[PDB]
Amino acid sequence: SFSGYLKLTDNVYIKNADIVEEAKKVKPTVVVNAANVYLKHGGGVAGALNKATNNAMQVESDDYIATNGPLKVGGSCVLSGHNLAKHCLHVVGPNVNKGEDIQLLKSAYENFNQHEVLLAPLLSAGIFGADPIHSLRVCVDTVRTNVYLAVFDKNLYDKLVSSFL
Ligand SMILES: CS(=O)(=O)NCC1CCNCC1
């Protein structure tokens, strides 16, 4: 199972790790992708997860969008986890760099509650532009299922742990 995580709460755990490497190692039931409404996995966590699938995630995602249309900001869909996990839960957190409402971050994290255990990044963090300290607080106050957070940046991981209330 998951190794080397620091326990933050009864159900939230955190580790300084590359989520692709973490997924390839653990092969969790669910890996969360920091998706956008179009499932265009260009950069950030989405670009990295997609590249690890040799673009199979993008091919599957384009078929999903052609059939269903775009996701809502705060919404999600379950697709294959390919070589990373049994499933990938593509969750759309608000992108404050595209002027999206930060209030949607709680709705985005609520998607995690449909899965008993997940390997995930901090939603809306990184290139999505939100404060990762705020994202972690919304995560621990919203998610009730077991979430293993992978934070790529060591300096950000240290800041998150040292400022965790
Ligand atoms: C760690 S998890 O609860 O996400 N998955 C359970 C098993 C162990 C890891 N490989 C898949 C089977």
# chains A, B, ... in the order shown; residues from 1 in each chain; ligands from 1
$ closest_atom_pairs --of "chain A" --to "ligand 1" --cutoff "6 Å" --atoms "only C-alpha atoms and all ligand atoms" --output "Markdown table"
| residue | atom | partner | partner_atom_place_in_ligand_line | distance |
| --- | --- | --- | --- | --- |
| A:1 | CA | ligand 1 | 1 (C) | 4.7 |
| A:26 | CA | ligand 1 | 9 (C) | 5.3 |
| A:27 | CA | ligand 1 | 10 (N) | 4.6 |
| A:28 | CA | ligand 1 | 4 (O) | 3.5 |
| A:29 | CA | ligand 1 | 4 (O) | 4.1 |
| A:30 | CA | ligand 1 | 4 (O) | 5.9 |
| A:117 | CA | ligand 1 | 4 (O) | 5.4 |
| A:118 | CA | ligand 1 | 4 (O) | 5.8 |
$ residues_around --residues "region 91-103 of chain A" --least-positions-apart "6" --cutoff "10 Å" --atoms "only C-alpha atoms" --output "number ranges by chain"
A: 32-39, 71-78, 109-112, 120, 122-131, 134-135, 138
$ select_by_dssp --residues "region 45-115 of chain A" --states "alpha helix (DSSP H)" --output "PyMOL selection string"
chain A and resi 45-52+56-68+105-110
$ select_by_dssp --residues "region 24-159 of chain A" --states "strand (DSSP E)" --output "JSON, numbers by chain"
{"A": [30, 31, 32, 33, 34, 35, 76, 77, 78, 79, 80, 87, 88, 89, 90, 91, 92, 117, 118, 119, 120, 146, 147, 148, 149, 150, 151]}
$ write_last_selection --atoms "C-alpha atoms" --output "PDB file, in the first residue's frame"
ATOM      1  CA  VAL A  30      -7.924   5.596  -8.072  1.00  0.00           C
ATOM      2  CA  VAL A  31      -5.491   8.265  -9.138  1.00  0.00           C
ATOM      3  CA  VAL A  32      -6.924  11.780  -9.342  1.00  0.00           C
ATOM      4  CA  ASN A  33      -6.069  13.957 -12.288  1.00  0.00           C
ATOM      5  CA  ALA A  34      -6.067  17.770 -12.066  1.00  0.00           C
ATOM      6  CA  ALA A  35      -8.238  17.992 -15.148  1.00  0.00           C
ATOM      7  CA  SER A  76     -15.492  14.923 -12.443  1.00  0.00           C
ATOM      8  CA  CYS A  77     -15.588  11.781 -14.476  1.00  0.00           C
ATOM      9  CA  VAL A  78     -14.136   8.297 -13.936  1.00  0.00           C
ATOM     10  CA  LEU A  79     -12.027   6.995 -16.788  1.00  0.00           C
ATOM     11  CA  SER A  80      -9.347   4.273 -17.064  1.00  0.00           C
ATOM     12  CA  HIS A  87      -9.238   4.256 -12.545  1.00  0.00           C
ATOM     13  CA  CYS A  88      -8.453   7.871 -13.076  1.00  0.00           C
ATOM     14  CA  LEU A  89     -10.838  10.296 -11.437  1.00  0.00           C
ATOM     15  CA  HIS A  90     -10.539  13.447 -13.571  1.00  0.00           C
ATOM     16  CA  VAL A  91     -11.528  16.282 -11.275  1.00  0.00           C
ATOM     17  CA  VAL A  92     -11.888  19.904 -12.430  1.00  0.00           C
ATOM     18  CA  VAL A 117      -9.211   5.613  -1.170  1.00  0.00           C
ATOM     19  CA  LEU A 118      -7.442   7.899  -3.643  1.00  0.00           C
ATOM     20  CA  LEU A 119      -3.965   9.029  -4.639  1.00  0.00           C
ATOM     21  CA  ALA A 120      -4.355  12.760  -5.509  1.00  0.00           C
ATOM     22  CA  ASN A 146      -8.850   8.253   2.596  1.00  0.00           C
ATOM     23  CA  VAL A 147      -6.819  10.655   0.471  1.00  0.00           C
ATOM     24  CA  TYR A 148      -3.053  10.316  -0.128  1.00  0.00           C
ATOM     25  CA  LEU A 149      -1.799  13.638  -1.382  1.00  0.00           C
ATOM     26  CA  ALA A 150       1.336  13.758  -3.521  1.00  0.00           C
ATOM     27  CA  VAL A 151       3.048  17.207  -3.540  1.00  0.00           C
TER      28      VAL A 151
END
$ residues_around --residues "residue 24 (chain A)" --least-positions-apart "5" --cutoff "9 Å" --atoms "only C-alpha atoms" --output "count of residues only"
5
$ closest_residue --among "A:141, A:4, A:21, A:16" --to "residue 159 (chain A)" --atoms "only C-alpha atoms"
A:16
$ closest_residue --among "A:15, A:115, A:137, A:7" --to "residue 156 (chain A)" --atoms "only C-alpha atoms"
A:15
$ residues_around --residues "residue 154 (chain A)" --least-positions-apart "6" --cutoff "12 Å" --atoms "only C-alpha atoms" --output "PyMOL selection string"
chain A and resi 14-18+160-161
$ write_last_selection --atoms "C-alpha atoms" --output "compact mmCIF listing (two decimals), in the first residue's frame"
# COMPACT_ATOMS: atom_id res chain seq x y z
CA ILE A 14 0.64 13.79 2.48
CA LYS A 15 3.99 13.00 0.83
CA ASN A 16 6.61 14.89 -1.20
CA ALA A 17 6.42 12.76 -4.32
CA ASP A 18 5.87 12.84 -8.05
CA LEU A 160 2.24 22.88 3.66
CA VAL A 161 3.27 20.60 6.56
